[PDB]
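Keep in mind that the numbers below use all heavy atoms, side chains included, and drop hydrogens, waters and symmetry copies. We count ligands from 1, going down the list as the structure has it; atoms in each ligand are counted the same way. Position 1 is the first residue of the sequence; numbering continues from there.
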Amino acid sequence: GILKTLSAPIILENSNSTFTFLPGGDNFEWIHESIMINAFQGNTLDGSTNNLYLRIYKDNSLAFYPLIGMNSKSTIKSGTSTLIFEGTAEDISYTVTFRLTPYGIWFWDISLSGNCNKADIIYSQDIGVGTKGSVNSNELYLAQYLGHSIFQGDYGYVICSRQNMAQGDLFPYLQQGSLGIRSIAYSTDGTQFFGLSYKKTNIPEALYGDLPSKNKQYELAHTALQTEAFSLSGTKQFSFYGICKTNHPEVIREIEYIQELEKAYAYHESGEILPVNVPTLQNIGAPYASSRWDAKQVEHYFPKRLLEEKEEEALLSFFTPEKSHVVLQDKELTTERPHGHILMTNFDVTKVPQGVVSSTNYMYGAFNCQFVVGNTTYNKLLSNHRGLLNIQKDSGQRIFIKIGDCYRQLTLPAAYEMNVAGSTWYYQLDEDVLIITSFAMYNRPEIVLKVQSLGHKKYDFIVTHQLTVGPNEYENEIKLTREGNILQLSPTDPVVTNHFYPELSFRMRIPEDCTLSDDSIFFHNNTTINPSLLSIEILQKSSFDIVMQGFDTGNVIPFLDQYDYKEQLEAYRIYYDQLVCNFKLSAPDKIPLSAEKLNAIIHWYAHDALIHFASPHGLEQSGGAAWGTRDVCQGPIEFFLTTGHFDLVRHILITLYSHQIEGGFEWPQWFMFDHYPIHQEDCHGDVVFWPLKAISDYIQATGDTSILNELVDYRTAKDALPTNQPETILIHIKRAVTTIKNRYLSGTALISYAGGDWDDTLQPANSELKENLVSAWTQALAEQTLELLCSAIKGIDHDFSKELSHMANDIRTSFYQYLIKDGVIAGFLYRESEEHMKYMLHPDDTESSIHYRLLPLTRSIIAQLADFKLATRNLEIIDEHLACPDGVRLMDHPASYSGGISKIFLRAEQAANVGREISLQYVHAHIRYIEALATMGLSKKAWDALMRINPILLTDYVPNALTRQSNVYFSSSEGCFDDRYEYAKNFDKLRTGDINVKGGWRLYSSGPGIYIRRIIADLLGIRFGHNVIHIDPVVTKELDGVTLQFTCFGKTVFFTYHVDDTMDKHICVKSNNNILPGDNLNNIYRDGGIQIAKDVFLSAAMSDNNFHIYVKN
Ligand SMILES: OC[C@H]1O[C@@H](O[C@@H]2[C@@H](O)[C@H](O)[C@@H](CO)O[C@@H]2O)[C@H](O)[C@@H](O)[C@@H]1O
Ligand SMILES: OC[C@H]1CNC[C@@H](O)[C@@H]1O
């Protein structure tokens, strides 16, 4: 069987515009010249996110009715550019006329007939305002750059929106308002309209009240307008309108296009407008959310609880001794981002993995989205999760359960339990509990769904699956075959449609007695709308399973007889223990809370880091697949070096060097690491340093200078294909170093900024800024990297090593000579020539509102480039200008924002949303601050900083932090500022904790891996070198008497810490009371740690594996 693709059957056209709808009149794709206007495509079971609601007020009730889409009771007629919806709501008769005019302008003309005392209308419209590709790739991201301006016109509120992030070359625009009726209130974000409560109730919260009339610049661009209320006795008529422009290079200052709007309003099509068939749902009800569990029920299902989070004495979340994290219903209804989880199969940890199976799931009944095998974008069976509030709830795998006469889609459970192997949902039903589990198999490319009635009661179910079989829903036809209870799914025309994985297939094992269809079973007349919705009806069962297999290379394996969760959980526990070298903190007395948070989080961060490495995607950032060049060089390499996964790092490095670009001899920004030849050949200015630093770190850790002699190819810039001109890794390095030498500004060793540094929002706004800026952060990184390379290469190429030392020293000299003034490292220097220089992000830049930058302060310290005086000053500057309760900030003031046009920096001046790097607390940079503090031996500050970004019981540690998912990494911390203007004005509230702060994007980040390295290597102080162990703790007094279990060179040992201010030496290490000999480490800021030979360490370990570490702060 060939599954066809969904095509929207209602197609409205007019000059430069194609607006399509599903048969219920739900929005599908609204396109004006290449610009997609809506944010979300409707689906055949939920409809679309937009609507028009009639509300009727009575003395004892408020009622609300959708007028459009499949949830209205509307009949529909269509012409070539017009739709007419007709129906009744109570005893009001209505018509809604949709018009698509030639002017990139549309209208919803409403007509109401009847008799009632008080009514109003709410207009509701999700908005994208980007190319179709940008919208599809990430709606949240696109929304962040969509800047809303609010005005009063003739008929109250009008909302004008400019997309600040370039779409092709264009800055597109929307305007929305009302005509013939006043819009008395407005909102601009989906969180305002639907509310968090929607995730349980399935009712938009705003429908019960008044819109707030505030512009919230967040991730769910969603315009709502509320009319003045009116009585009806007779007929009343009025319209809403929209305007789309593909390019509006200026900032928005006023209502525009008034004359065009008037011309468009006179527009009517000449053609006939004829009835069309509207399909209707059959015995399908509203969604089903579980009732909440009370304290007694929680206690019964979860008797053993740790790290309990409570708010007003109600339990929100907790951890278990089995290493699970459990989230109770009330917590999800208070987190702006939805609780979720990524499952990933195990792989051989000595090699770069391939064909790794992954799946995403979310608390609110998204049981399996984005099931993939290998490439997370292309090698996909199930559609991605989108949005935040589950308005569109048809993606991936979903479950309907028959309650009374009606199938009801499961949404919000009573509890949601995550472990590294699986997720479990607990739904309270009438006198029963339904348990759903989606879990990864060990050693097999499988995810398994199990459904179990606890009371062994029988139910009817429909399990739906929005198929892709490729990167996107609705894009390609699918080949589906069935042999008994085994389905096989694969792309049609696999060689051609997939040159690179021509054998890509999937299989599903389905229950014995089930029937198979598309969405036809949902509809009264059995009409198929979406043929790629794979529906499985399972009648009168108390349990069932669906087993899902992925094969990137067609190595099909038979299904097991029994699929047991517990066995997988046990195998994954061991794999994750080994991955972190059996890390475990203990004490004989009460373990300190900080240590208890580290034991709980270490395995969660290891999982996040391993995903970031092997299966590169996140929760919000679903579109990844590739390795970022600077990304793989940080989180994964630092994680793997810390835990002794050296063979893996070697293989990563070989793969990485194979992706260096022929000719330019830099790296791409990102590249696929599988068989897909895709990369981004244009790079930022810092990227080149990262593979150089990483190979040098690898060489220092292992002594494996052999890597330098490996013969390794390059890739071509344009088509990302192998060049078949291999050279030694040493020569790869020499070529990359030449690109660095050629960046010196003339007369100096100042490294030109080029395409930007670490901060992707700080790309230069023009070519003069690109050529003439110098990033002090980049300068410091260069110095550091070239010094590290010098050492790594010293034994192999004496001469190149001397040239590397000269470079590093000249860079060092220029750093001190040009980038420091009055003891303050400037964030940037602008140097057109010796005669025309200007500091930026420095106190001398008195024109600017920004006078301090974090990044150079931390990197200069990490590298031991900053002398003690400068390091000490750096820390005072942080304390006085950058330090907040939620961590250290990237600058002392926000980047400029003046309506979206860039002057100096690109995305930093374009983002309308206070979030991501624009939040100024980008957690990765805070982690480098921790690293800097550790380098300086400042244990109190370091451990305090470690805790400020630890999501476990975060609200207890940082009182102004809003709670968020406690078992996942959060990438940023942003003040609750609705727009950039308020953010600038009341910025200082961040320093003093007088504004709440909330978490950013989850999971996908270098953070988890570099956090793990801070914990183990820098703070606990256990680091590895060539046949040596380095012991160099930076611990507080509360770690006195605490022990770390850690596997060293394959031997489990126990490091017990003693903090002793009265010692003579800085450090002493003892086993069986014998002092271990070794040499002192080099550190310009404090007394160094100790280097102990591996044979010596291991010999002591054989007699007594309890090492006692005496350290003086
Ligand atoms: O997706 C928005 C996000 O993109 C960030 O950049 C990407 C990076 O995180 C990822 O590792 C690679 C490979 O998939 O693609 C991109 O370079 C960017 O740094 C952020 O500013 C944006 O928020
Ligand atoms: O701009 C800060 C960071 C954002 N995510 C990708 C990283 O490579 C980058 O440094």
Side-chain angles (χ1 to χ4, degrees), residues 130 133-145 164-165 219 375-378 384 608-609 611-638 656 659 667-674 676 678-691 694 755-763 775 777-778 781 853-855 858-859 889-891 895 905-928 969-972 974 1000-1010:
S134 306
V135 169
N136 178 68
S137 164
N138 195 316
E139 302 85 353
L140 311 176
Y141 188 53
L142 190 62
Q144 294 170 356
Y145 292 81
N164 298 332
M165 186 166 65
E219 288 178 358
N375 197 284
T376 63
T377 293
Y378 298 110
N384 285 15
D608 296 352
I611 289 158
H612 177 253
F613 172 57
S615 188
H617 64 314
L619 298 184
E620 289 85 356
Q621 193 171 344
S622 62
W627 283 345
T629 294
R630 73 165 89 85
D631 302 321
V632 70
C633 288
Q634 289 176 92
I637 286 181
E638 290 185 41
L656 173 62
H659 278 275
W667 278 265
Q669 196 69 12
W670 57 256
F671 57 93
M672 304 298 173
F673 64 99
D674 58 16
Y676 293 104
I678 318 177
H679 65 203
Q680 170 50 280
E681 66 270 25
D682 297 339
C683 62
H684 293 225
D686 67 298
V687 176
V688 69
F689 299 100
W690 291 103
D757 67 18
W758 175 86
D759 198 326
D760 289 343
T761 69
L762 300 182
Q763 290 169 306
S775 171
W777 180 83
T778 299
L781 181 66
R853 193 189 181 188
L854 182 67
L855 246 66
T858 59
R859 184 50 49 170
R889 285 207 145 70
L890 292 173
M891 326 188 277
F905 302 117
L906 282 170
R907 296 190 289 100
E909 303 180 25
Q910 296 168 352
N913 160 251
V914 178
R916 302 250 71 212
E917 301 96 327
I918 297 99
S919 80
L920 297 183
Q921 208 300 54
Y922 201 78
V923 170
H924 181 136
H926 177 87
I927 295 166
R928 296 302 185 197
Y969 175 92
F970 68 87
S971 64
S972 63
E974 35 268 4
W1001 288 14
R1002 285 85 52 73
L1003 202 163
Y1004 179 83
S1005 164
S1006 281
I1010 67 162

Backbone of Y922 reached by a side-chain donor or acceptor of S972 within 3.5 Å: no
Close-range residues for ligand 1, whose non-hydrogen atoms fall below the 4.0 Å threshold: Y141, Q621, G624, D631, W670, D760, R907, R916, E917, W1001, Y1004
Expected output: side-chain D608 to main-chain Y969 donor-acceptor under 3.5 Å: yes
Within the 4.0 Å heavy-atom sphere of ligand 2, strictly under, residues: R630, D631, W758, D759, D760, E917, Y922
Set of residues satisfying side chain to side chain contact (heavy atoms under 4.5 Å, CB included) with respect to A626, sequence neighbours excluded: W670, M672
Heavy-atom closest pair, residues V687 and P668: CG1-O, 3.8 Å
Distance flag, aromatic centroids of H659 and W627, threshold under 6.0 Å: no
Closest approach of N384 to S622 (non-hydrogen atoms, all atoms of both residues): ND2-OG, 3.3 Å
Sequence-distant partners of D760, side chain to side chain contact (heavy atoms under 4.5 Å, CB included), two or more places apart: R630, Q669, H684, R907, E917
Salt bridge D757-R853, side-chain N to carboxylate O under 4.0 Å: yes
Any donor-acceptor pair under 3.5 Å from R859 side chain to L854 backbone: no
